[PDB]
Protein chains: 2
Amino acid sequence: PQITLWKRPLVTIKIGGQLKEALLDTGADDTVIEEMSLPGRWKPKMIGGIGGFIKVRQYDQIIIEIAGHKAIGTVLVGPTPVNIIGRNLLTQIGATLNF
Amino acid sequence: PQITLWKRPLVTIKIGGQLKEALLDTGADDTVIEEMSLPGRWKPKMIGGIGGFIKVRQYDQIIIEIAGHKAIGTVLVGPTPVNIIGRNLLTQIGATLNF
Ligand SMILES: CC(C)(C)NC(=O)[C@@H]1C[C@@H]2CCCC[C@@H]2CN1C[C@@H](O)[C@H](Cc1ccccc1)NC(=O)[C@H](CC(N)=O)NC(=O)c1ccc2ccccc2n1
Ligand SMILES: [Cl-]
Ligand SMILES: [Cl-]
Ligand SMILES: [Cl-]
Ligand SMILES: [Cl-]
Ligand SMILES: [Cl-]
Ligand SMILES: [Cl-]
Ligand code: NA
């Protein structure tokens, strides 16, 4: 499907067995998800945005469903006010920006 | 025109007669440009993202060119580490997300 940008590009995702809303974000290098109880090994990482950096948990090889597309990759979990799907997973599902 | 996301989606912009590089960011409501001198009336605003908030100058009705496309809209000027083209201008250049 094709998504115009008149509204935030929000989609349903599945992660750890749970349905969530997240923002398709071409301006993000990485995927960051709100604090949740996710199984898997992780390590601490700093990630940055406008306003500086936050401390997140980095989980590798996490299976995530994005608008019905499966993808496996790194997920960061931390105090974001919004779930965002970054380029590391957008590429996995074949997303592109067109105009 | 189609842009894959294996790398940051950066393009050349012209603002205030100066050339700059900016990120096309479907996750950003607003367009934010690094500190520069811009003619025009403006008002203070604070905008928020991953590490929190920054103070910006809001300029309305700025003529800007993005990847060869003309647009006129609101531009926020402030201490962002990366120039960002948000949805307010991406809709004017007819960007869509495909996947
Ligand atoms: C630009 C503004 C209008 C502030 N909007 C936003 O920030 C909204 C805020 C929303 C709510 C909080 C959760 C994030 C979403 C999406 N964003 C946009 C969103 O696209 C935002 C834009 C951006 C890009 C680069 C640098 C700064 C900011 N990207 C990001 O926040 C991602 C997060 C990540 N690490 O994956 N940052 C980066 O990918 C990134 C890249 C280069 C950097 C260089 C120096 C410092 C920081 C850097 N951060
Ligand atoms: Cl809009
Ligand atoms: Cl566990
Ligand atoms: Cl290169
Ligand atoms: Cl000033
Ligand atoms: Cl005006
Ligand atoms: Cl003109
Ligand atoms: Na041109």
# chains A, B, ... in the order shown; residues from 1 in each chain; ligands from 1
>>> interface_residues(of="chain A", to="chain B", cutoff="8 Å", atoms="only C-alpha atoms", output="PDB file with N, CA, C and O atoms, in the first residue's frame")
ATOM      1  N   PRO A   1       0.852  -1.195   0.000  1.00  0.00           N
ATOM      2  CA  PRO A   1       0.000   0.000   0.000  1.00  0.00           C
ATOM      3  C   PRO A   1       0.888   1.246   0.000  1.00  0.00           C
ATOM      4  O   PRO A   1       2.102   1.168   0.219  1.00  0.00           O
ATOM      5  N   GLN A   2       0.227   2.364  -0.271  1.00  0.00           N
ATOM      6  CA  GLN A   2       0.914   3.661  -0.280  1.00  0.00           C
ATOM      7  C   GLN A   2       0.245   4.553   0.770  1.00  0.00           C
ATOM      8  O   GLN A   2      -0.974   4.490   0.950  1.00  0.00           O
ATOM      9  N   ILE A   3       1.037   5.306   1.479  1.00  0.00           N
ATOM     10  CA  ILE A   3       0.687   6.107   2.648  1.00  0.00           C
ATOM     11  C   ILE A   3       0.940   7.575   2.312  1.00  0.00           C
ATOM     12  O   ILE A   3       2.115   7.890   2.045  1.00  0.00           O
ATOM     13  N   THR A   4      -0.079   8.442   2.289  1.00  0.00           N
ATOM     14  CA  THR A   4       0.259   9.860   2.136  1.00  0.00           C
ATOM     15  C   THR A   4       0.666  10.335   3.540  1.00  0.00           C
ATOM     16  O   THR A   4       0.564   9.559   4.499  1.00  0.00           O
ATOM     17  N   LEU A   5       1.110  11.578   3.623  1.00  0.00           N
ATOM     18  CA  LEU A   5       1.677  12.105   4.860  1.00  0.00           C
ATOM     19  C   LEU A   5       0.835  13.217   5.445  1.00  0.00           C
ATOM     20  O   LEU A   5       1.286  13.982   6.284  1.00  0.00           O
ATOM     21  N   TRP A   6      -0.431  13.338   5.050  1.00  0.00           N
ATOM     22  CA  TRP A   6      -1.326  14.348   5.627  1.00  0.00           C
ATOM     23  C   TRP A   6      -1.548  14.082   7.105  1.00  0.00           C
ATOM     24  O   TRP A   6      -1.789  15.022   7.887  1.00  0.00           O
ATOM     25  N   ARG A   8      -0.101  11.526  10.666  1.00  0.00           N
ATOM     26  CA  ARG A   8       1.079  10.715  11.018  1.00  0.00           C
ATOM     27  C   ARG A   8       0.994   9.319  10.415  1.00  0.00           C
ATOM     28  O   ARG A   8      -0.107   8.738  10.403  1.00  0.00           O
ATOM     29  N   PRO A   9       2.078   8.758   9.902  1.00  0.00           N
ATOM     30  CA  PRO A   9       1.997   7.429   9.252  1.00  0.00           C
ATOM     31  C   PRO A   9       2.062   6.318  10.288  1.00  0.00           C
ATOM     32  O   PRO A   9       3.014   5.594  10.551  1.00  0.00           O
ATOM     33  N   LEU A  23       4.974   4.490  14.456  1.00  0.00           N
ATOM     34  CA  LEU A  23       5.169   5.510  13.421  1.00  0.00           C
ATOM     35  C   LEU A  23       6.209   5.062  12.404  1.00  0.00           C
ATOM     36  O   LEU A  23       7.344   4.766  12.806  1.00  0.00           O
ATOM     37  N   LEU A  24       5.847   5.005  11.133  1.00  0.00           N
ATOM     38  CA  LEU A  24       6.848   4.703  10.101  1.00  0.00           C
ATOM     39  C   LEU A  24       7.742   5.919   9.924  1.00  0.00           C
ATOM     40  O   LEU A  24       7.192   6.947   9.497  1.00  0.00           O
ATOM     41  N   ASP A  25       9.026   5.827  10.226  1.00  0.00           N
ATOM     42  CA  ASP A  25       9.863   7.015  10.358  1.00  0.00           C
ATOM     43  C   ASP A  25      11.108   6.938   9.502  1.00  0.00           C
ATOM     44  O   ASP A  25      12.101   6.355   9.951  1.00  0.00           O
ATOM     45  N   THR A  26      11.069   7.513   8.295  1.00  0.00           N
ATOM     46  CA  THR A  26      12.280   7.476   7.486  1.00  0.00           C
ATOM     47  C   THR A  26      13.424   8.264   8.081  1.00  0.00           C
ATOM     48  O   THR A  26      14.567   8.090   7.650  1.00  0.00           O
ATOM     49  N   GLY A  27      13.192   9.149   9.043  1.00  0.00           N
ATOM     50  CA  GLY A  27      14.263   9.959   9.617  1.00  0.00           C
ATOM     51  C   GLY A  27      14.906   9.295  10.801  1.00  0.00           C
ATOM     52  O   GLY A  27      15.743   9.950  11.460  1.00  0.00           O
ATOM     53  N   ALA A  28      14.533   8.047  11.107  1.00  0.00           N
ATOM     54  CA  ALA A  28      15.162   7.305  12.197  1.00  0.00           C
ATOM     55  C   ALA A  28      16.077   6.207  11.690  1.00  0.00           C
ATOM     56  O   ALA A  28      15.670   5.393  10.861  1.00  0.00           O
ATOM     57  N   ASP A  29      17.309   6.131  12.187  1.00  0.00           N
ATOM     58  CA  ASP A  29      18.231   5.071  11.863  1.00  0.00           C
ATOM     59  C   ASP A  29      17.749   3.707  12.404  1.00  0.00           C
ATOM     60  O   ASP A  29      17.909   2.688  11.715  1.00  0.00           O
ATOM     61  N   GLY A  48      20.288   8.779  20.022  1.00  0.00           N
ATOM     62  CA  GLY A  48      20.007  10.200  20.087  1.00  0.00           C
ATOM     63  C   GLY A  48      18.934  10.729  19.174  1.00  0.00           C
ATOM     64  O   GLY A  48      18.613  10.125  18.156  1.00  0.00           O
ATOM     65  N   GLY A  49      18.410  11.901  19.535  1.00  0.00           N
ATOM     66  CA  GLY A  49      17.415  12.603  18.777  1.00  0.00           C
ATOM     67  C   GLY A  49      17.506  14.123  18.908  1.00  0.00           C
ATOM     68  O   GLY A  49      18.540  14.658  19.272  1.00  0.00           O
ATOM     69  N   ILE A  50      16.411  14.840  18.643  1.00  0.00           N
ATOM     70  CA  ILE A  50      16.479  16.277  18.979  1.00  0.00           C
ATOM     71  C   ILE A  50      16.362  16.391  20.483  1.00  0.00           C
ATOM     72  O   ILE A  50      15.560  15.685  21.118  1.00  0.00           O
ATOM     73  N   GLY A  51      17.128  17.226  21.192  1.00  0.00           N
ATOM     74  CA  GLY A  51      16.913  17.172  22.645  1.00  0.00           C
ATOM     75  C   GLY A  51      17.926  16.264  23.293  1.00  0.00           C
ATOM     76  O   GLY A  51      18.064  16.223  24.519  1.00  0.00           O
ATOM     77  N   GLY A  52      18.701  15.502  22.498  1.00  0.00           N
ATOM     78  CA  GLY A  52      19.823  14.828  23.157  1.00  0.00           C
ATOM     79  C   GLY A  52      19.648  13.318  23.066  1.00  0.00           C
ATOM     80  O   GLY A  52      18.913  12.788  22.226  1.00  0.00           O
ATOM     81  N   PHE A  53      20.314  12.589  23.966  1.00  0.00           N
ATOM     82  CA  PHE A  53      20.263  11.135  23.947  1.00  0.00           C
ATOM     83  C   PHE A  53      19.522  10.532  25.130  1.00  0.00           C
ATOM     84  O   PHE A  53      19.553  11.157  26.209  1.00  0.00           O
ATOM     85  N   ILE A  54      18.947   9.355  24.909  1.00  0.00           N
ATOM     86  CA  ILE A  54      18.336   8.587  26.010  1.00  0.00           C
ATOM     87  C   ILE A  54      18.984   7.213  26.123  1.00  0.00           C
ATOM     88  O   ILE A  54      19.508   6.641  25.162  1.00  0.00           O
ATOM     89  N   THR A  80      10.634   6.282  25.151  1.00  0.00           N
ATOM     90  CA  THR A  80      10.109   7.097  24.060  1.00  0.00           C
ATOM     91  C   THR A  80       8.611   7.316  24.275  1.00  0.00           C
ATOM     92  O   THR A  80       7.905   6.412  24.740  1.00  0.00           O
ATOM     93  N   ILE A  84       8.553   3.964  17.334  1.00  0.00           N
ATOM     94  CA  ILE A  84       8.913   4.340  15.972  1.00  0.00           C
ATOM     95  C   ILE A  84       9.640   3.208  15.253  1.00  0.00           C
ATOM     96  O   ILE A  84      10.527   2.569  15.819  1.00  0.00           O
ATOM     97  N   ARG A  87      14.665   2.931   9.849  1.00  0.00           N
ATOM     98  CA  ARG A  87      15.165   2.371   8.599  1.00  0.00           C
ATOM     99  C   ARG A  87      15.683   0.946   8.757  1.00  0.00           C
ATOM    100  O   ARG A  87      15.578   0.161   7.792  1.00  0.00           O
ATOM    101  N   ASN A  88      16.251   0.575   9.916  1.00  0.00           N
ATOM    102  CA  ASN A  88      16.815  -0.767  10.056  1.00  0.00           C
ATOM    103  C   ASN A  88      15.732  -1.819   9.761  1.00  0.00           C
ATOM    104  O   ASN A  88      16.142  -2.817   9.162  1.00  0.00           O
ATOM    105  N   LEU A  90      12.609  -0.733   8.213  1.00  0.00           N
ATOM    106  CA  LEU A  90      11.803  -0.377   7.036  1.00  0.00           C
ATOM    107  C   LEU A  90      12.345  -1.035   5.769  1.00  0.00           C
ATOM    108  O   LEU A  90      11.606  -1.430   4.855  1.00  0.00           O
ATOM    109  N   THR A  91      13.675  -1.119   5.727  1.00  0.00           N
ATOM    110  CA  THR A  91      14.303  -1.720   4.551  1.00  0.00           C
ATOM    111  C   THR A  91      13.906  -3.191   4.440  1.00  0.00           C
ATOM    112  O   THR A  91      13.790  -3.770   3.377  1.00  0.00           O
ATOM    113  N   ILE A  93      11.179  -4.618   5.187  1.00  0.00           N
ATOM    114  CA  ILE A  93       9.839  -4.818   4.637  1.00  0.00           C
ATOM    115  C   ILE A  93       9.718  -4.174   3.264  1.00  0.00           C
ATOM    116  O   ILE A  93       8.584  -4.127   2.765  1.00  0.00           O
ATOM    117  N   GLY A  94      10.802  -3.703   2.651  1.00  0.00           N
ATOM    118  CA  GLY A  94      10.741  -3.149   1.300  1.00  0.00           C
ATOM    119  C   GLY A  94      10.157  -1.745   1.253  1.00  0.00           C
ATOM    120  O   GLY A  94       9.719  -1.281   0.179  1.00  0.00           O
ATOM    121  N   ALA A  95      10.087  -1.022   2.377  1.00  0.00           N
ATOM    122  CA  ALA A  95       9.576   0.350   2.288  1.00  0.00           C
ATOM    123  C   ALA A  95      10.496   1.291   1.493  1.00  0.00           C
ATOM    124  O   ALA A  95      11.736   1.227   1.504  1.00  0.00           O
ATOM    125  N   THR A  96       9.825   2.195   0.770  1.00  0.00           N
ATOM    126  CA  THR A  96      10.505   3.245   0.031  1.00  0.00           C
ATOM    127  C   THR A  96       9.721   4.558   0.074  1.00  0.00           C
ATOM    128  O   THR A  96       8.529   4.610   0.347  1.00  0.00           O
ATOM    129  N   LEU A  97      10.447   5.643  -0.167  1.00  0.00           N
ATOM    130  CA  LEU A  97       9.826   6.965  -0.177  1.00  0.00           C
ATOM    131  C   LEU A  97       9.709   7.307  -1.657  1.00  0.00           C
ATOM    132  O   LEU A  97      10.697   7.083  -2.367  1.00  0.00           O
ATOM    133  N   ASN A  98       8.552   7.774  -2.087  1.00  0.00           N
ATOM    134  CA  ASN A  98       8.381   7.992  -3.525  1.00  0.00           C
ATOM    135  C   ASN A  98       7.894   9.414  -3.717  1.00  0.00           C
ATOM    136  O   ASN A  98       7.152   9.907  -2.850  1.00  0.00           O
ATOM    137  N   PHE A  99       8.293  10.107  -4.786  1.00  0.00           N
ATOM    138  CA  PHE A  99       7.588  11.370  -5.035  1.00  0.00           C
ATOM    139  C   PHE A  99       7.950  11.959  -6.393  1.00  0.00           C
ATOM    140  O   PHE A  99       7.065  12.495  -7.088  1.00  0.00           O
TER     141      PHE A  99
END
>>> residues_near_ligand(ligand="ligand 7", cutoff="12 Å", atoms="only C-alpha atoms and all ligand atoms", output="list in words")
residues 16, 17, 61, 62, 63, 64, 65, 70, 71 and 72 of chain B
>>> write_last_selection(atoms="N, CA and C atoms", output="PDB file, in the first residue's frame")
ATOM      1  N   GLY B  16      16.694  30.583   2.291  1.00  0.00           N
ATOM      2  CA  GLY B  16      17.338  31.886   2.491  1.00  0.00           C
ATOM      3  C   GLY B  16      18.471  32.160   1.530  1.00  0.00           C
ATOM      4  N   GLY B  17      18.487  31.608   0.334  1.00  0.00           N
ATOM      5  CA  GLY B  17      19.516  31.704  -0.679  1.00  0.00           C
ATOM      6  C   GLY B  17      20.743  30.861  -0.376  1.00  0.00           C
ATOM      7  N   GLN B  61       5.418  31.042   6.229  1.00  0.00           N
ATOM      8  CA  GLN B  61       5.455  31.403   4.832  1.00  0.00           C
ATOM      9  C   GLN B  61       6.871  31.609   4.304  1.00  0.00           C
ATOM     10  N   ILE B  62       7.770  30.687   4.589  1.00  0.00           N
ATOM     11  CA  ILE B  62       9.123  30.689   4.034  1.00  0.00           C
ATOM     12  C   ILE B  62       9.158  29.957   2.703  1.00  0.00           C
ATOM     13  N   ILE B  63       9.782  30.560   1.713  1.00  0.00           N
ATOM     14  CA  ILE B  63      10.018  29.922   0.421  1.00  0.00           C
ATOM     15  C   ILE B  63      11.304  29.107   0.522  1.00  0.00           C
ATOM     16  N   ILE B  64      11.098  27.833   0.189  1.00  0.00           N
ATOM     17  CA  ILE B  64      12.229  26.894   0.327  1.00  0.00           C
ATOM     18  C   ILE B  64      12.237  25.998  -0.890  1.00  0.00           C
ATOM     19  N   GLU B  65      13.375  25.470  -1.315  1.00  0.00           N
ATOM     20  CA  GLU B  65      13.359  24.510  -2.414  1.00  0.00           C
ATOM     21  C   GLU B  65      13.908  23.184  -1.899  1.00  0.00           C
ATOM     22  N   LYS B  70       9.679  23.307  -5.351  1.00  0.00           N
ATOM     23  CA  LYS B  70       9.374  24.522  -4.590  1.00  0.00           C
ATOM     24  C   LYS B  70       8.354  24.264  -3.507  1.00  0.00           C
ATOM     25  N   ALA B  71       8.504  24.891  -2.347  1.00  0.00           N
ATOM     26  CA  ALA B  71       7.464  24.745  -1.332  1.00  0.00           C
ATOM     27  C   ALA B  71       7.427  26.094  -0.607  1.00  0.00           C
ATOM     28  N   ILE B  72       6.318  26.348   0.071  1.00  0.00           N
ATOM     29  CA  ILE B  72       6.227  27.539   0.912  1.00  0.00           C
ATOM     30  C   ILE B  72       5.576  27.101   2.204  1.00  0.00           C
TER      31      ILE B  72
END
>>> residues_near_ligand(ligand="ligand 8", cutoff="12 Å", atoms="only C-alpha atoms and all ligand atoms", output="ChimeraX atom specification")
/B:11-14,19,64-70
>>> atom_distance(atom1="atom CA of residue A:76", atom2="atom CA of residue A:34")
8.6 Å
>>> select_by_dssp(residues="stretch 3-99 of chain B", states="strand (DSSP E)", output="ChimeraX atom specification")
/B:3,10-15,18-24,32-33,42-49,52-66,69-77,84-85,96-98
>>> atom_distance(atom1="atom CA of residue A:30", atom2="atom CA of residue B:30")
19.9 Å
>>> residues_around(residues="residue B:56", least_positions_apart="2", cutoff="7 Å", atoms="only C-alpha atoms", output="list in words")
residues 44, 45, 46, 54, 58, 76, 77 and 78 of chain B
>>> write_last_selection(atoms="N, CA, C and O atoms", output="short mmCIF file (atom, residue, chain, number, x, y, z; two decimals), in the first residue's frame")
data_model
loop_
_atom_site.label_atom_id
_atom_site.label_comp_id
_atom_site.auth_asym_id
_atom_site.auth_seq_id
_atom_site.Cartn_x
_atom_site.Cartn_y
_atom_site.Cartn_z
N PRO B 44 8.74 32.49 19.15
CA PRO B 44 9.32 31.34 19.85
C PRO B 44 8.37 30.17 19.99
O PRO B 44 7.15 30.34 20.14
N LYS B 45 8.99 28.98 19.95
CA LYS B 45 8.25 27.73 20.11
C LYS B 45 9.19 26.68 20.72
O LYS B 45 10.40 26.84 20.53
N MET B 46 8.60 25.69 21.41
CA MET B 46 9.43 24.57 21.84
C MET B 46 8.84 23.34 21.17
O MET B 46 7.63 23.16 21.02
N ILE B 54 13.67 21.17 22.30
CA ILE B 54 14.49 22.34 22.02
C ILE B 54 13.65 23.59 21.71
O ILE B 54 12.49 23.49 21.24
N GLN B 58 9.97 30.04 15.07
CA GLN B 58 9.00 29.65 14.04
C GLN B 58 8.83 30.77 13.03
O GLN B 58 8.34 31.84 13.41
N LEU B 76 11.09 25.82 11.27
CA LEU B 76 11.54 26.09 12.62
C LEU B 76 13.06 26.17 12.61
O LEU B 76 13.69 25.30 11.98
N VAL B 77 13.63 27.18 13.27
CA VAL B 77 15.08 27.36 13.22
C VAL B 77 15.64 27.18 14.61
O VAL B 77 15.26 27.89 15.54
N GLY B 78 16.54 26.21 14.80
CA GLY B 78 16.97 26.04 16.22
C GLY B 78 18.08 25.01 16.28
O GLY B 78 18.62 24.55 15.24
#
>>> residues_near_ligand(ligand="ligand 3", cutoff="9 Å", atoms="only C-alpha atoms and all ligand atoms", output="number ranges by chain")
A: 37-41
>>> write_last_selection(atoms="N, CA and C atoms", output="mmCIF file, in the first residue's frame")
data_model
loop_
_atom_site.group_PDB
_atom_site.id
_atom_site.type_symbol
_atom_site.label_atom_id
_atom_site.label_comp_id
_atom_site.auth_asym_id
_atom_site.auth_seq_id
_atom_site.Cartn_x
_atom_site.Cartn_y
_atom_site.Cartn_z
ATOM 1 N N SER A 37 7.765 -5.312 28.608
ATOM 2 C CA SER A 37 8.433 -6.520 29.092
ATOM 3 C C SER A 37 8.717 -7.452 27.931
ATOM 4 N N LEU A 38 9.904 -7.352 27.372
ATOM 5 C CA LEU A 38 10.210 -8.126 26.164
ATOM 6 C C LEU A 38 11.198 -9.211 26.541
ATOM 7 N N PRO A 39 10.959 -10.463 26.195
ATOM 8 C CA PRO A 39 12.004 -11.463 26.393
ATOM 9 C C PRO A 39 13.153 -11.331 25.389
ATOM 10 N N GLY A 40 14.305 -11.825 25.821
ATOM 11 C CA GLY A 40 15.525 -11.796 25.037
ATOM 12 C C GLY A 40 16.636 -11.091 25.798
ATOM 13 N N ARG A 41 17.874 -11.384 25.428
ATOM 14 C CA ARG A 41 19.079 -10.758 25.922
ATOM 15 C C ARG A 41 19.182 -9.328 25.407
#
>>> decode(residues="stretch 46-71 of chain A", atoms="N, CA and C atoms", output="mmCIF file, in the first residue's frame")
data_model
loop_
_atom_site.group_PDB
_atom_site.id
_atom_site.type_symbol
_atom_site.label_atom_id
_atom_site.label_comp_id
_atom_site.auth_asym_id
_atom_site.auth_seq_id
_atom_site.Cartn_x
_atom_site.Cartn_y
_atom_site.Cartn_z
ATOM 1 N N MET A 46 23.094 4.132 24.297
ATOM 2 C CA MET A 46 22.563 5.484 24.164
ATOM 3 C C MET A 46 22.082 5.722 22.736
ATOM 4 N N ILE A 47 20.885 6.272 22.556
ATOM 5 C CA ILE A 47 20.491 6.659 21.198
ATOM 6 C C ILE A 47 20.096 8.128 21.179
ATOM 7 N N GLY A 48 20.288 8.779 20.022
ATOM 8 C CA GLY A 48 20.007 10.200 20.087
ATOM 9 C C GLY A 48 18.934 10.729 19.174
ATOM 10 N N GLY A 49 18.410 11.901 19.535
ATOM 11 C CA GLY A 49 17.415 12.603 18.777
ATOM 12 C C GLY A 49 17.506 14.123 18.908
ATOM 13 N N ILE A 50 16.411 14.840 18.643
ATOM 14 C CA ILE A 50 16.479 16.277 18.979
ATOM 15 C C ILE A 50 16.362 16.391 20.483
ATOM 16 N N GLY A 51 17.128 17.226 21.192
ATOM 17 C CA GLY A 51 16.913 17.172 22.645
ATOM 18 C C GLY A 51 17.926 16.264 23.293
ATOM 19 N N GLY A 52 18.701 15.502 22.498
ATOM 20 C CA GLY A 52 19.823 14.828 23.157
ATOM 21 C C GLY A 52 19.648 13.318 23.066
ATOM 22 N N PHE A 53 20.314 12.589 23.966
ATOM 23 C CA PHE A 53 20.263 11.135 23.947
ATOM 24 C C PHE A 53 19.522 10.532 25.130
ATOM 25 N N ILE A 54 18.947 9.355 24.909
ATOM 26 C CA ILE A 54 18.336 8.587 26.010
ATOM 27 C C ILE A 54 18.984 7.213 26.123
ATOM 28 N N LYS A 55 18.931 6.641 27.317
ATOM 29 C CA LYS A 55 19.407 5.283 27.575
ATOM 30 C C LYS A 55 18.350 4.255 27.196
ATOM 31 N N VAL A 56 18.654 3.323 26.296
ATOM 32 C CA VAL A 56 17.739 2.258 25.931
ATOM 33 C C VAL A 56 18.329 0.858 26.151
ATOM 34 N N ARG A 57 17.456 -0.162 26.085
ATOM 35 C CA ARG A 57 17.920 -1.543 26.013
ATOM 36 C C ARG A 57 17.976 -2.000 24.558
ATOM 37 N N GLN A 58 19.135 -2.463 24.112
ATOM 38 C CA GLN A 58 19.203 -2.951 22.729
ATOM 39 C C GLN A 58 19.049 -4.475 22.655
ATOM 40 N N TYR A 59 18.003 -4.936 21.983
ATOM 41 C CA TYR A 59 17.722 -6.351 21.768
ATOM 42 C C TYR A 59 18.039 -6.712 20.327
ATOM 43 N N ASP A 60 18.857 -7.720 20.095
ATOM 44 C CA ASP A 60 19.124 -8.093 18.698
ATOM 45 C C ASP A 60 18.217 -9.238 18.279
ATOM 46 N N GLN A 61 18.012 -9.430 16.995
ATOM 47 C CA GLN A 61 17.246 -10.507 16.389
ATOM 48 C C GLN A 61 15.858 -10.704 17.005
ATOM 49 N N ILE A 62 15.104 -9.620 17.148
ATOM 50 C CA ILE A 62 13.734 -9.569 17.628
ATOM 51 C C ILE A 62 12.810 -9.737 16.432
ATOM 52 N N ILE A 63 11.837 -10.620 16.564
ATOM 53 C CA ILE A 63 10.840 -10.798 15.495
ATOM 54 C C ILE A 63 9.689 -9.818 15.744
ATOM 55 N N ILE A 64 9.354 -9.060 14.705
ATOM 56 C CA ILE A 64 8.369 -7.997 14.776
ATOM 57 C C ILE A 64 7.534 -8.007 13.506
ATOM 58 N N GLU A 65 6.230 -7.835 13.673
ATOM 59 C CA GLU A 65 5.343 -7.746 12.521
ATOM 60 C C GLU A 65 4.942 -6.279 12.353
ATOM 61 N N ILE A 66 5.133 -5.800 11.123
ATOM 62 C CA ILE A 66 4.906 -4.387 10.813
ATOM 63 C C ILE A 66 3.855 -4.335 9.695
ATOM 64 N N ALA A 67 2.629 -3.924 9.989
ATOM 65 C CA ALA A 67 1.607 -3.837 8.957
ATOM 66 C C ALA A 67 1.511 -5.115 8.127
ATOM 67 N N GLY A 68 1.640 -6.244 8.807
ATOM 68 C CA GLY A 68 1.466 -7.560 8.207
ATOM 69 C C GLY A 68 2.750 -8.048 7.572
ATOM 70 N N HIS A 69 3.844 -7.313 7.724
ATOM 71 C CA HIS A 69 5.101 -7.789 7.160
ATOM 72 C C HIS A 69 6.002 -8.239 8.298
ATOM 73 N N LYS A 70 6.550 -9.449 8.207
ATOM 74 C CA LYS A 70 7.451 -9.882 9.271
ATOM 75 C C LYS A 70 8.827 -9.295 8.958
ATOM 76 N N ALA A 71 9.580 -9.046 9.998
ATOM 77 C CA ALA A 71 10.943 -8.548 9.904
ATOM 78 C C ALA A 71 11.669 -9.005 11.168
#
